[PDB]
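Just the one chain here, the form deposited in one PDB entry, laid out as structure tokens.
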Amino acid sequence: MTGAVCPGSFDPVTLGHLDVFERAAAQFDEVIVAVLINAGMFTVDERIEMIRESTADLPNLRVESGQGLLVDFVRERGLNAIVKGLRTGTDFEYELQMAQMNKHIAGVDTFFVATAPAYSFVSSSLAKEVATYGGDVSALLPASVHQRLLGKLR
């Protein structure tokens, strides 16, 4: 009965995120993608849909929204592990501070894994920015997500 939570705002989910989801799904019996309710581009419902569409081939993964402390989200589902992806530009020092705080207040472990090099420079924010000015980010997002992004811009 192993399991981990993969947190984020995912506005929108990128192939970097999906790579991490797939690795978590391959190494834990159960994975929950935790979508933060927090001024963004997609609604929570749209963000969940896009992740669900992109993870249809991962039977042991589900997608849920949440608010407040991540460790409460994790513990209320009977788990005590977080899997977080690393990419170029991740503020790792801040992630370490939060990992140590999260272990202290709730006994939740955080496992970090590097995203694949091909997806190591995409972020939700940079993808939106580049797409806004007509840059081609189609190789960096799930095909579904890419078309919905184009819709939001145009």
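Each residue number is its position in the shown sequence, starting from 1.
In what follows, reference is made to the form deposited with a small molecule bound, a form of this protein that is not presented.
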Close approach of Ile48 to the small molecule in the bound PDB entry, 4.5 Å, heavy atom: no
Any non-hydrogen atom of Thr115 within 4.5 angstroms of the small molecule in the bound PDB entry: yes
Residue contact check: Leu61 to the small molecule in the bound PDB entry, 4.5 Å heavy atom: no
Contact test in the bound PDB entry: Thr55 vs the small molecule, heavy atoms, 4.5 Å: no
